[PDB]
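**Q** Can you keep this structure in mind? I'll have questions shortly.
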Amino acid sequence: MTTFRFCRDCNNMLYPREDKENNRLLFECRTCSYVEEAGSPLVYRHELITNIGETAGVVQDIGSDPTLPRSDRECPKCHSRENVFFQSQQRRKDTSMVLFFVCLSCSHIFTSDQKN
Amino acid sequence: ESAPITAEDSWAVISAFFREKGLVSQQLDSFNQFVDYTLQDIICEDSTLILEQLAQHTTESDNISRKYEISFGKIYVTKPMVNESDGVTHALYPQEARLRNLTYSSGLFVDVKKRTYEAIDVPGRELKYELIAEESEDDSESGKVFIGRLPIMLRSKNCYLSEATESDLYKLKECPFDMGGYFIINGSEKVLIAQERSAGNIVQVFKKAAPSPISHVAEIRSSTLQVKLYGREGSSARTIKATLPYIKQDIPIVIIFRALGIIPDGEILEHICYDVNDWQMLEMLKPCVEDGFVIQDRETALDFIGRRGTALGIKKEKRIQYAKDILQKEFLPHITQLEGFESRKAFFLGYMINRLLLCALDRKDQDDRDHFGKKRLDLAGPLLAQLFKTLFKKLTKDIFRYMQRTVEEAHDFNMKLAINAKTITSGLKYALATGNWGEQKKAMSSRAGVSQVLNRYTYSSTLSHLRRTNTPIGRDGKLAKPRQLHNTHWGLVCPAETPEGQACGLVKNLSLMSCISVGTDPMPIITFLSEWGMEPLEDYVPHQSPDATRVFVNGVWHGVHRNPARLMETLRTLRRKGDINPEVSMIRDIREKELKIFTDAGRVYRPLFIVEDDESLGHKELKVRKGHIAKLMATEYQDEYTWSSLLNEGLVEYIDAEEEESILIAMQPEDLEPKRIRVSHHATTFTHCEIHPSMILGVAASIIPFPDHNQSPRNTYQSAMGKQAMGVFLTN
Amino acid sequence: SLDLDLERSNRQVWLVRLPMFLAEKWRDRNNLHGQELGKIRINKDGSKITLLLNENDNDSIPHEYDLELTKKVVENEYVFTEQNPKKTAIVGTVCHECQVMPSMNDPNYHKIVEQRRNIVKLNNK
Amino acid sequence: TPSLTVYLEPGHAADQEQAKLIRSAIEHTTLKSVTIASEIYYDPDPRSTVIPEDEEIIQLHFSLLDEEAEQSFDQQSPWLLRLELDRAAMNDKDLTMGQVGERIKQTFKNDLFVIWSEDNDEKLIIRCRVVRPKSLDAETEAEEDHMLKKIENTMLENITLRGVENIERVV
Amino acid sequence: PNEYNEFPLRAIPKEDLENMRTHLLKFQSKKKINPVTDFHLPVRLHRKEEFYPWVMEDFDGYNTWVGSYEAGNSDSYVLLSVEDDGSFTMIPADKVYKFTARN
């Protein structure tokens with residue numbers, strides 16, 4: 001997973017370059033003389049289809065939203081029976097109807113799909 | 001006395017509501033707002049008029065340069081009256097206007113002051129003018145320059161009918177069952193129907209089908225700014241470009257940031273993306289950085305700007321200055337206009353492109369264009385302000401032209417001769433009579449049907465006519481979505497009553513309790529908001545606090561905040577305790593960590609109840625009690641304790657169609673406790689209650705008996721045919 | 001008028017944000033003659049700071065306000081002075097950032113907020 | 001919404017298998033559709049890599065390349081189209097890795113050579129390394145990324161493995 | 001926990017502020033820059049009223065900073081100058097300038 005690297009001088013992103021006589025990769029800033037040594041042959045990455053598990057999104061202070069439903073399911077960690085539950089907040093067309101539960105006390109996230 | 005509430009109490013509260021407001025209050029309140037406040041500001045906008053006549057250098061005595069200054073002052077409005085052909089003056093009353101084919105109107109008086117400055121035109125030196133003559137007749141009644149005549153809407157503050165009792169109305173021969181709310185023009189009654197409009201200062205993200213290279217669009221109207229993203233999804237090439245006003249070719253976004261004042265490349269992404277961990281955001285921004293890195297110069301972009309102007313061959317430095325001025329003058333004027341506010345503009349552009357790219361990453365959807373919370377209604381007030389501004393501009397231009405003409409002949413101008421007072425009067429009368437909302441010369445392309453002749457066939461027809469809104473889309477336009485009923489119309493629009501034919505759905509009628517906001521100043525709100533712990537947008541660093549709520553006021557970002565829950569609780573405490581008028585809307589979006597505050601004009605709101613958690617009863621209950629209902633009955637029978645008494649005690653609340661997105665309402669009061677089929681709703685965190693469901697209907701459909709046992713088109717048909725029955729339209 | 005005076009710039013300086021009305025009331029020229037107009041009180045834990053106005057001032061202004069800490073560490077901010085090309089002189093480096101809010105204990109808060117209501121109602125647009 | 005309905009032969013009408021073979025033979029298949037990760041990666045020295053998964057594939061072809069490939073070792077681009085290919089999509093169109101992956105692709109313009117594994121590996125990894133003459137100019141040879149990103153896009157978009165054009169779906 | 005320290009609040013009279021016009025000097029950097037080491041005294045500060053931006057150049061010319069005026073700072077800041085007695089004297093703030101280093 002390629003990460004942007006900024007020059008330590010002027011915060012500009014570092015462009016790759018090659019060293020033929022030593023055959024090694026370096027990152028240089030086109031504006032200054034800073035040169036740093038590359039730690040991996042992985043500089044860029046271009047994935048096509050996202051195999052990302054669906055995420056509940058923002059969770060902070062979600063228990064104060066009064067338009068969000070409730071349930072009496074039991075917490076797997078703190079053994080509490082009060083929690084908030086909602087569907088996946090990522091708006092893809094093909095998302096399944098798998099729930100997400102956020103516990104009221106310990107703020108623990110879990111799902112209704114207990115696949116082993 | 002601490003008991004719950006029954007539907008009888010609901011009808012009691014509604015009775016109080018109509019005993020306090022009335023069915024035509026919206027027109028009267030808009031007219032009062034226009035006459036009291038906006039009229040003064042329209043003239044105070046352009047008070048000073050300047051003529052600078054340089055020396056012709058014909059002779060030594062002609063070496064003096066002159067300056068002429070014209071300033072305006074107060075506005076005075078008289079009660080309506082008429083001067084006959086004999087020159088006699090008598091107060092005009094509606095009966096005489098009706099019978100004699102007159103026009104119910106009054107006269108406007110404005111103070112005028114004049115100053116003359118003279119300087120010695122010495123070549124190579126700055127002209128130093130000195131005060132010599134100042135004509136100001138504020139100490140005499142001759143200082144009030146007559147400027148024109150303004151029509152008056154019936155029963156408004158100025159009209160004689162405002163304070164008339166029943167015997168007064170009878171001796172003057174009024175119908176006591178008349179409500180006002182209409183003009184008398186040329187001896188015929190005219191009315192202005194509300195005009196619907198799409199709101200401004202709101203960023204909207206759209207989408208496109210893809211036979212074209214376009215993929216997404218982000219719009220804002222303040223002057224329009226379009227920041228478009230080009231490049232199909234999944235491809236390597238990502239382009240983000242903005243289209244500035246008076247620039248044709250367009251230039252990328254990184255160039256905008258460089259020209260704007262943020263040179264380092266690392267700060268660009270701190271401006272755009274507010275979450276460090278996300279890598280897709282930066283992946284989509286990479287080509288912008290790559291392309292914009294080539295030029296670290298503002299001046300190449302400014303040269304780009306300079307070439308595309310109409311003038312050609314301008315020197316480079318002048319083009320630099322011109323392109324520099326374009327940004328602070330015409331780029332996002334709704335934030336600021338004066339110099340030196342660059343951080344705010346940079347952050348707002350970053351926020352706009354952030355939202356566009358968020359929609360581009362399928363985390364959200366297109367903005368709904370039908371949502372009734374993003375639409376404003378223009379009443380008589382705003383339309384009159386528009387036309388008055390235009391006519392006043394033309395009149396002052398004519399005064400300046402004539403005064404220059406008489407200066408050319410070295411003749412003193414009489415201020416009572418330079419003014420053509422007939423311009424304002426003729427323009428206003430023509431617009432109100434014909435309805436074409438524009439200048440007489442350019443009336444063909446102007447809006448039509450804004451002013452209509454009141455319908456007196458039956459009393460309910462007058463009631464239905466004074467409560468009508470028109471959506472100015474082509475009535476032959478084949479857009480189905482504006483026609484259909486939408487989920488946001490619950491309680492603010494009558495679902496049954498709509499015309500048939502080409503105006504189906506396009507003409508709307510309000511329900512019994514959907515009022516409209518007048519308008520209020522946002523400055524005290526911003527001052528208090530900064531007082532109670534708001535960090536300004538200048539000192540905002542994303543990495544120091546990446547979990548900060550953003551704060552908006554009428555669509556302009558003013559900064560961030562860290563603990564919003566207590567701010568919302570305090571704000572609603574102040575709104576419920578009368579520190580702020582309840583026409584202001586205050587929404588919080590938890591999911592996106594946002595606060596929005598609206599204080600503009602044109603928002604439809606309806607009353608609702610308040611649910612609070614009573615610990616003594618161990619559960620929630622309304623703030624209203626049997627004591628308040630008993631007081632309401634006592635006051636009603638005594639016809640004190642009124643609707644505003646309920647409002648200021650935090651017992652009811654006005655909710656628009658936007659705050660409704662973040663509330664819960666129990667429809668029957670008994671639904672709040674732990675034939676037909678009524679289901680017990682699972683909710684237990686209720687916040688408000690419905691005063692009564694019957695009020696979701698208009699005035700036309702409030703006469704059908706048992707309307708819910710009927711097919712809905714039948715209710716529509718009777719709502720149409722209820723305006724052709726024969727009956728006593730007025731008791732006089 | 002070129003060199004910078006750093007001989008006494010070593011001391012740290014507080015960065016405090018005052019409310020608009022309070023700050024404007026403190027811009028008075030007559031009170032600038034080195035007069036002792038107020039005092040500060042710092043809690044043992046340092047979480048709560050209370051600003052108490054001296055009784056020498058008129059009773060028309062609240063005599064108690066509270067302070068909150070914005071950043072525990074404040075860096076890259078310096079305080080300078082410029083006097084009569086102009087001669088500039090740095091005063092010091094900024095240490096802490098604090099913000100002033102009105103105190104609930106002093107009833108005068110309500111009064112000024114009452115004046116705030118007086119500000120709210122009069123102006124219209 | 002244009003459409004087209006195809007009726008199979010009398011013999012193949014009652015059996016699903018020949019029907020699915022025809023359906024695969026009609027639908028349009030392109031490279032961008034069959035790569036779960038057609039990732040543009042840096043490939044400075046294709047001789048060896050840090051990732052253990054591709055290391056196994058390395059020695060396969062490095063003991064399976066002809067003398068001409070041994071000479072052309074230096075032609076392989078300092079960037080790689082590293083193809084993690086989805087098993088399901090590849091098997092859906094009855095697409096053999098070697099023949100379809102390389103025959104047509106190298107025949108088209110002799111532009112892209114490949115080190116490719118047999119389908120039995122748990123991770124189908126292809127190394128697409130474009131082939132260019134060493135006679136390339138010094139300014140050209142310096143701008144490796146500039147040529148290869150463009151040719152990689154023209155590679156994904158403009159190569160048709162199998163099927164007929166303009167037919168988006170067959171059902 | 002009620003122990004507190006005492007800092008008297010003093011001020012600076014008009015006679016000193018008349019010839020001492022203050023301007024907030026802000027430098028844009030990601031590193032703690034101090035004039036003791038990063039600036040070689042003396043420094044040349046000039047303007048090459050707000051039309052001409054400020055220019056602060058070192059004696060050797062290596063450290064050149066260009067400063068622009070940022071407007072609309074609605075926060076009217078104050079300067080707390082420490083006197084010999086430990087008291088704080090108030091100085092009103094007139095203008096704020098932001099400096100950036102030349103490329």
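To be explicit about the labels: the chains of the structure tokens are called A, B, and onward in the order shown, and within each one the residues are counted from 1, while ligands get numbers from 1 in the order they are shown.
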Could you give me, as a PyMOL selection string, the residues within 10 Å of stretch 51-56 of chain D, counting only C-alpha atoms and dropping anything in the same chain fewer than 2 positions from it?
**A** chain D and resi 47-49+58-61+82+117+121-127
**Q** List every residue of chain C that has an atom at most 6 Å from any atom of chain E, giving for each one its closest atom pair and the distance in Å to one decimal, counting only C-alpha atoms, sorted by chain and then by ascending residue number, as a tab-separated table.
**A**
```
residue	atom	partner	partner_atom	distance
C:2	CA	E:44	CA	5.7
C:3	CA	E:42	CA	4.8
C:32	CA	E:13	CA	4.7
C:33	CA	E:13	CA	4.6
C:34	CA	E:11	CA	4.3
C:35	CA	E:10	CA	5.3
C:36	CA	E:10	CA	5.1
C:37	CA	E:9	CA	5.9
C:38	CA	E:9	CA	5.4
C:39	CA	E:8	CA	5.4
C:41	CA	E:4	CA	5.2
C:42	CA	E:4	CA	4.8
C:43	CA	E:2	CA	5.9
C:44	CA	E:1	CA	5.3
C:76	CA	E:32	CA	5.8
C:81	CA	E:22	CA	5.2
C:82	CA	E:22	CA	5.3
C:83	CA	E:20	CA	4.0
C:84	CA	E:19	CA	5.9
```
**Q** For chain B, work out the contacting residues on chain C at 12 Å, counting only C-alpha atoms, and write them as a PyMOL selection string.
**A** chain C and resi 17-23+66-74+97-103+110+112-125
**Q** Tell me, as a list in words, which residues lie within 7 Å of residue C:4, counting only C-alpha atoms; anything in the same chain fewer than 2 positions away does not count.
**A**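 Within the cut-off, the hits are residues 2, 6, 88, 89 and 90 of chain C.
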**Q** Counting only C-alpha atoms, what are the residues of chain B within 10 Å of chain D, and for each of them which pair of atoms is the nearest and at what distance in Å, to one decimal? Sort the table by chain and rising number, as a tab-separated table.
**A**
```
residue	atom	partner	partner_atom	distance
B:234	CA	D:32	CA	9.8
B:235	CA	D:153	CA	8.0
B:236	CA	D:153	CA	7.5
B:237	CA	D:153	CA	9.5
```
**Q** Can those selected residues be exported to a file as a tab-separated table (two decimals), in the first residue's frame so that it contains N, CA and C atoms?
**A**
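Output file result_22.tsv follows:
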```tsv
chain	number	residue	atom	x	y	z
B	234	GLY	N	-11.91	4.38	-11.71
B	234	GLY	CA	-10.95	3.32	-11.86
B	234	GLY	C	-9.81	3.60	-12.81
B	235	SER	N	-9.86	4.70	-13.57
B	235	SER	CA	-8.79	5.02	-14.49
B	235	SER	C	-7.65	5.73	-13.76
B	236	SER	N	-6.52	5.86	-14.46
B	236	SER	CA	-5.34	6.48	-13.86
B	236	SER	C	-5.45	8.00	-13.83
B	237	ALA	N	-6.16	8.58	-14.80
B	237	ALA	CA	-6.18	10.02	-15.00
B	237	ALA	C	-7.30	10.65	-14.18
```
**Q** Given the choices B:508, B:308, B:591, B:682, which gets closest to residue B:698 if the distance is worked out from only C-alpha atoms?
**A**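 Between B:508, B:308, B:591, B:682, the residue approaching residue B:698 most closely is B:508.
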**Q** Kindly provide the residues of chain B that approach chain A to within 6 Å, each paired with its closest atom pair and their distance in Å to one decimal, based on only C-alpha atoms, listed by chain and increasing number, as a Markdown table.
**A**
```
| residue | atom | partner | partner_atom | distance |
| --- | --- | --- | --- | --- |
| B:265 | CA | A:12 | CA | 5.1 |
| B:266 | CA | A:11 | CA | 5.0 |
| B:363 | CA | A:90 | CA | 5.3 |
| B:364 | CA | A:91 | CA | 5.9 |
```
**Q** Just the alpha helix (DSSP H) stuff from chain E, please, per backbone DSSP, written as an MDAnalysis selection string.
**A** chainID E and resid 14:18 35:38
**Q** Put those residues in a file: C-alpha atoms, as a tab-separated table (two decimals), in the first residue's frame.
**A**
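This is the output file result_0.tsv:
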```tsv
chain	number	residue	atom	x	y	z
E	14	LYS	CA	-0.18	56.40	26.17
E	15	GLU	CA	3.19	58.18	26.09
E	16	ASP	CA	4.92	54.86	25.41
E	17	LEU	CA	2.37	53.54	22.89
E	18	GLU	CA	2.42	56.73	20.80
E	35	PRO	CA	16.54	34.44	15.67
E	36	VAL	CA	19.46	33.73	18.03
E	37	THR	CA	20.86	31.07	15.67
E	38	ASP	CA	18.76	31.17	12.48
```
**Q** One decimal, Å: what's the distance from atom CA of residue B:472 over to atom CA of residue B:499, could you say?
**A**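 Computed distance, atom CA of residue B:472 to atom CA of residue B:499, equals 15.2 Å.
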**Q** Could you find all residues in chain C that DSSP calls strand (DSSP E) from the backbone, and write them as a ChimeraX atom specification?
**A** /C:12-17,38-42,49-53,64-71,78-83,87-102
**Q** I need the contact residues of chain B against chain E, so if you could list those with any atom within 12 Å, counting only C-alpha atoms, and return them as a PyMOL selection string, that would help.
**A** chain B and resi 261-264+266-267+296-297+335-344+526-527+530-531+534-539+558
**Q** Using only C-alpha atoms, which of the listed residues (A:36, A:74, A:18, A:54) sits closest to chain D?
**A**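 Of A:36, A:74, A:18, A:54, the one nearest chain D, counting only C-alpha atoms, is A:18.
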**Q** Expressed in Å to a single decimal, how great is the separation between atom CA of residue D:145 and atom CA of residue D:77?
**A** 9.3 Å
**Q** To one decimal in Å, tell me the separation between atom CA of residue C:107 and atom CA of residue C:26.
**A** 20.3 Å
**Q** Show me, as a list in words, the residues of chain D whose atoms get within 10 Å of chain A, using only C-alpha atoms for the distance check.
**A**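 That gives residues 32, 33, 34, 35, 36, 37, 38, 39, 40, 41, 42, 43, 44, 45, 49, 50, 78, 79, 81, 82, 83, 84, 142 and 145 of chain D for chain D.
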**Q** For those residues, write N, CA and C atoms to a file as a compact mmCIF listing (two decimals), in the first residue's frame.
**A**
```txt
# COMPACT_ATOMS: atom_id res chain seq x y z
N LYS D 32 -9.02 -5.57 -18.35
CA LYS D 32 -9.37 -4.80 -17.16
C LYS D 32 -10.47 -5.48 -16.34
N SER D 33 -11.26 -6.35 -16.98
CA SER D 33 -12.34 -7.04 -16.29
C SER D 33 -11.88 -8.26 -15.51
N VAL D 34 -10.67 -8.77 -15.75
CA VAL D 34 -10.28 -10.07 -15.24
C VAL D 34 -9.14 -9.96 -14.23
N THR D 35 -8.78 -8.75 -13.81
CA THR D 35 -7.69 -8.54 -12.88
C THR D 35 -8.24 -8.02 -11.56
N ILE D 36 -8.12 -8.82 -10.50
CA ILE D 36 -8.51 -8.32 -9.18
C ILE D 36 -7.50 -7.29 -8.70
N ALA D 37 -6.25 -7.39 -9.15
CA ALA D 37 -5.26 -6.36 -8.87
C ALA D 37 -4.28 -6.33 -10.05
N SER D 38 -4.55 -5.45 -11.00
CA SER D 38 -3.62 -5.19 -12.11
C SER D 38 -2.67 -4.06 -11.72
N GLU D 39 -1.99 -4.26 -10.60
CA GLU D 39 -1.36 -3.15 -9.91
C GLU D 39 -0.07 -2.73 -10.60
N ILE D 40 0.05 -1.43 -10.85
CA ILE D 40 1.28 -0.83 -11.36
C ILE D 40 2.27 -0.78 -10.20
N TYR D 41 3.35 -1.54 -10.31
CA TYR D 41 4.33 -1.62 -9.23
C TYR D 41 5.70 -1.25 -9.76
N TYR D 42 6.59 -0.85 -8.86
CA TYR D 42 7.98 -0.67 -9.25
C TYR D 42 8.64 -2.03 -9.40
N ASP D 43 9.34 -2.22 -10.52
CA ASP D 43 10.01 -3.48 -10.83
C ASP D 43 11.45 -3.19 -11.23
N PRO D 44 12.24 -2.62 -10.32
CA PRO D 44 13.58 -2.15 -10.73
C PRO D 44 14.49 -3.28 -11.19
N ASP D 45 14.56 -4.36 -10.42
CA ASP D 45 15.34 -5.54 -10.79
C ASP D 45 14.41 -6.74 -10.82
N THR D 49 12.70 -10.51 -5.98
CA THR D 49 11.73 -9.65 -5.32
C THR D 49 11.77 -9.91 -3.82
N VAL D 50 11.11 -9.02 -3.08
CA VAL D 50 11.00 -9.17 -1.63
C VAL D 50 9.80 -10.04 -1.25
N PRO D 78 11.47 -1.37 -15.80
CA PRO D 78 11.70 -1.10 -14.38
C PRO D 78 10.43 -0.92 -13.57
N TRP D 79 9.27 -0.98 -14.22
CA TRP D 79 7.97 -1.11 -13.56
C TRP D 79 7.31 -2.38 -14.06
N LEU D 81 3.51 -4.54 -14.54
CA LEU D 81 2.09 -4.82 -14.33
C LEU D 81 2.04 -6.11 -13.52
N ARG D 82 1.90 -5.99 -12.21
CA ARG D 82 1.80 -7.17 -11.37
C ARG D 82 0.33 -7.55 -11.29
N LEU D 83 -0.02 -8.68 -11.90
CA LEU D 83 -1.39 -9.13 -12.04
C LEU D 83 -1.67 -10.20 -10.99
N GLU D 84 -2.30 -9.79 -9.89
CA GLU D 84 -3.05 -10.73 -9.08
C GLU D 84 -4.39 -10.92 -9.79
N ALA D 142 15.42 7.73 -19.63
CA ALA D 142 15.26 8.32 -18.30
C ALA D 142 13.79 8.35 -17.87
N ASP D 145 8.77 5.88 -16.25
CA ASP D 145 7.39 5.95 -15.78
C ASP D 145 6.49 6.60 -16.83
```
**Q** Measuring atom to atom with only C-alpha atoms, identify which of A:96, A:77, A:26, A:32 is nearest to chain E.
**A**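 When distances to chain E are compared using only C-alpha atoms, the smallest one comes from A:32.
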